[PDB]
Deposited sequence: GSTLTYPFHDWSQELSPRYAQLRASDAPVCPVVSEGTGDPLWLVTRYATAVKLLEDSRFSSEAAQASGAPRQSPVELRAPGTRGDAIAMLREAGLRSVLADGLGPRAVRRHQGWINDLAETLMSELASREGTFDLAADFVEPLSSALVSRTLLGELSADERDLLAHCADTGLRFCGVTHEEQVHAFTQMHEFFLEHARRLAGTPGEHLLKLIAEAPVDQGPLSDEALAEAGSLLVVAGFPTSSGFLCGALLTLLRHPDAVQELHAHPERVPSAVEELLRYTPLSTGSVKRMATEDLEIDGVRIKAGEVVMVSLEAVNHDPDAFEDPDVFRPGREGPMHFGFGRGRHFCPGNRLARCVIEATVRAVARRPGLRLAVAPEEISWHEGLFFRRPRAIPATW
């Protein structure tokens, strides 16, 4: 009878996650609020590891059209396949995805990424009065990341369209079903017209490397939509949430100011501590399976809340405490197993650049109380409406 998700749109995690984590079962039945579909939900680290590293629990089958699902609408343009990352790896493009997303891409981009974060912070520090870290730092930094490393150079209008399509499509509520679907239609039709054009510009952005490698307009458009939904609301949501975390922990920031070698530990702890998705990664049983004693029938979908797992006290001592340099296991902020986020290198690079830009300038603080922060309600990927801030 428990419906999913739990409407915890701010950084305050729903109490249900601890309730289920403490209950007497390793997986719990829920019902999708948006479709009425029955789903399984995992909240414990030990169980999550087992699930996400068993390839008989399939991601592609859970993303497929017609699957039991937590989203109110299918997350694809009608009539399209909607599984770009599989299609690209199927077309033999793993080596290109590594060149575009891996350590060589980070070496290519980290210089300007850090120059940009400093330039943005410096411009804000030269201003008299208050400013908005969401609109004045995160949005330009994450837009530049998406443009220069993933899509190619976008005009302001094009960026606004894609950002709007992501915010409208990647929702549990707040928009009608047909508005939600049409957001994917608009983005797909944008890339049907513009994906190849974007590839024919200067740069080494991933969509270029995909278009240049040894692909139909429909496949390249699916790649563009993938890069928007995978890179834009995630990075912008996470950077906003990590800034809120840092601004609430001035002692930790002061330690990073004094000991810049401790920033990478703080980046990893932010990935554990700062919640992002309001839903769950999901996988469909491709045959009858058993997880810690509970039978999962072929075709049933099992969900893992990364947020729940990252706050599991059996995994992390004092899980609700922001503690850079804690010595526990790998966080789940990028997932686990074969589908571990391939954007994790660029993500870490932009997070580190943000953490260092903040640590170099102590005194940065919120210009309102944490409870005065307003949150977009119903996004898959949490994001505050604004982060009023000041020195």
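Asks: Pop the missing stretches of the deposited sequence into a list, counting residues from 1 and keeping sequence order.
Replies: Missing CA coords at 1-2, 217-221.
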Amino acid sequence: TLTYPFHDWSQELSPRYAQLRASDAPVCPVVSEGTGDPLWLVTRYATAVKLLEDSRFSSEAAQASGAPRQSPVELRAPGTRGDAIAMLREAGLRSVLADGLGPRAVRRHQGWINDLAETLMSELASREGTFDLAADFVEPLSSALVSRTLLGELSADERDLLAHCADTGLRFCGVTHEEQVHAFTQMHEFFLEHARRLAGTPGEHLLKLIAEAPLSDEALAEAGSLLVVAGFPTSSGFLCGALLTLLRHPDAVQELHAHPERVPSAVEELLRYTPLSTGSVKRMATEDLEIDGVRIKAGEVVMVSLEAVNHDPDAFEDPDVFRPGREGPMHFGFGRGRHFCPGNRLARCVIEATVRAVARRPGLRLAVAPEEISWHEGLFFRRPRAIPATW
From here on, numbers count along this sequence of modelled residues.
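Asks: Out of 120-128 and 82-90, which one has CA B-factors that are higher on average in the deposited record?
Replies: The stretch with the larger mean CA B-factor is 82-90.
Asks: Averaged over C-alpha atoms, is the B-factor higher for 289-297 or for 188-196 in this PDB entry?
Replies: Per the PDB entry, the higher value belongs to 289-297.
Asks: Highest recorded C-alpha temperature factor, please, choosing from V96, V263, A242, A135.
Replies: Among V96, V263, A242, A135, the highest C-alpha B-factor in the entry belongs to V96.
Asks: Please work out which residue in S280, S155, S142, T168 has the highest C-alpha B-factor recorded for this crystal structure.
Replies: The record points to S155.
Asks: Would you please rank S32 by its C-alpha temperature factor against the other modelled residues of its chain and give the third it falls in: lowest, middle or highest?
Replies: As the PDB entry reports it, the C-alpha B-factor of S32 lands in the lowest third of its chain.
Asks: For the chain shown, is the CA B-factor of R326 in the lowest, middle or highest third of its modelled residues?
Replies: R326: CA B-factor falls in the highest third of its chain.
Asks: Give the position of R382 by CA B-factor within its chain, expressed as the lowest, middle or highest third.
Replies: Its C-alpha B-factor belongs to the middle third of this chain's values.
Asks: Tell me, lowest, middle or highest third: where does the Cα B factor of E268 rank within its chain?
Replies: Lowest third of the chain for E268's C-alpha B-factor.
Asks: Using the temperature factors of the C-alpha atoms in this entry, rank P103 within its chain: lowest, middle or highest third.
Replies: Answer is middle: the recorded C-alpha B-factor places it there.
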